[PDB]
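What follows is one chain in structure tokens, specifically the form deposited in one PDB entry.
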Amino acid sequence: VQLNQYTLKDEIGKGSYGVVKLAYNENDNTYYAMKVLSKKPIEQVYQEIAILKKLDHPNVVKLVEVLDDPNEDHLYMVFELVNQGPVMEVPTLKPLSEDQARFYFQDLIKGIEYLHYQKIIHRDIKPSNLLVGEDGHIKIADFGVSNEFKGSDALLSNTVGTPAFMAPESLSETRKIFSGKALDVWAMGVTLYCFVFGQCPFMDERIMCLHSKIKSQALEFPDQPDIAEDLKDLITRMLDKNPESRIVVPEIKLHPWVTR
């Protein structure tokens, strides 16, 4: 499979939309990641590309070029490869150590904080969108459902992303308005829980009960592995079900587990 100067190889990931394939560029003799999309509405992909074109940061993926012929049904986004892949698979029986989780969480904070400064709400923070680069650091991937905003926060009404990671205030069925920065914080908390426990804090195979637990089940910590109380404190604050009192990113940065 050859698309201009690129040679498509095997699938390496499957995102919110198309697939990602390893691609080899014959010009410069280099591997890239290629998101492959087929027109199935189509507006949102060019919102994604616009957001991508604006982002230049070491903890965010780098869009290299877009291949769009008006005649072929497929559309290609070329990203710089992030070779080690997702930071972890969820669920797992081998979660990260606290020191590992701290290391990666620190990257996650700097990226989210950059995104929020650039006025992007990511809306799909989770371990499989956190890719480990050549140097061992995290890069945030997949802006397929992200939101851009004007002013100091986003004022959202739609429900998107991955169910297990959706903040409770995005799950009223009366179409209410909710702010966007707190949605990313919630997902960071579910993510940090996954790092150290290897599974999600709210699991159910019936979607109705997964929503019910997210909205109404008190956060429970497993006996094993026994984690530090300050890490418990931080997760508890990020998974505060009330977005008004949920911890903000400038406070997360100062948290004693984080600076430890």
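Between two forms, the rigid core is the largest collection of C-alphas that superpose within 1.5 Å. We number the residues from 1 along the sequence you see.
- In this entry, residue 40 is separated from residue 41 by 10 or more residues of the deposited sequence that have no coordinates.
- Averaged over Cα atoms, the B-factor as recorded in the entry is higher for 224-232 than for the other of 188-196 and 224-232.
- The deposited model assigns a higher average Cα B-factor to 44-52 than to the other stretch when 44-52 and 208-216 are compared.
- Of the residues listed, 119, 175, 139, 110, the entry assigns the biggest Cα temperature factor to 175.
- Annotation for 148, 124, 134, 153: 134 ranks highest, by Cα B-factor.
- Ranked by C-alpha B-factor against the other modelled residues of its chain, residue 71 falls in the highest third.
- The entry lists a Cα temperature factor for residue 254 that places it in the middle third of the chain's modelled residues.
- When the modelled residues of the chain are ordered by C-alpha B-factor, residue 241 sits in the middle third.
- The deposited CA B-factor of residue 166 belongs to the lowest third of values across its chain.
- Ranked against the other modelled residues of its chain, the C-alpha B-factor of residue 80 as given in the entry falls in the lowest third.
There is another form of the same protein, the form deposited in another entry; it is not shown, and what comes next is about it.
- Superposing the two forms on their core leaves just one of 92, 100, 152, 84 with a Cα displacement of at least 2 Å between the shown form and the other one, namely 84.
- Core-aligned CA deviation for residue 12 between the shown form and the other one: 2 Å or greater.
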